[PDB]
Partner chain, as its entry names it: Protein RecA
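We begin with a single chain expressed as structure tokens, specifically the form solved without its partner chain.
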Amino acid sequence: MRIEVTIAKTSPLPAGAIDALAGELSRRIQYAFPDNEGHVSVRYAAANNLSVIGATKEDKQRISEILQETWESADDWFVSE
């Protein structure tokens, strides 16, 4: 399964957050999907978009939920220099 996340450039994150986000998301994906290789990429695009290839609708809802939860727990897993 391949997971791609795009963030609108109109919303800049500190010079370290994107890499941190991609790392946190990947760990979450691996825990949720032990039997399937998950690859997560994060890049700036004209618009915010989430694309999932090689997954089922239920997997995709769970992933959206995971993204929601990780995103909501940002103060705990995100560290800034």
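Numbering follows the first chain given and starts at 1.
Just so it is clear, the following notes concern the form deposited with its partner chain bound, a form of the same protein that is not shown.
For a residue to qualify, one of its non-hydrogen atoms must sit within 4.5 Å of its partner chain in the deposited bound form; none of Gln30, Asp35 and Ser41 qualifies. Not displayed here, its partner chain is kept clear of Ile53 by more than 4.5 Å at the level of heavy atoms in the deposited bound form.
Its partner chain is not drawn, but in the deposited bound form it has no heavy atom within 4.5 Å of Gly23. At a distance threshold of 4.5 angstroms between non-hydrogen atoms, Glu72 is in contact with its partner chain in the deposited bound form. Shown without its partner, the chain has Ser64, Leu67, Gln68, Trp71, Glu72, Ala74, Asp75, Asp76, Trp77 in segment 54-77 as residues with a non-hydrogen atom within 4.5 angstroms of its partner chain in the deposited bound form.
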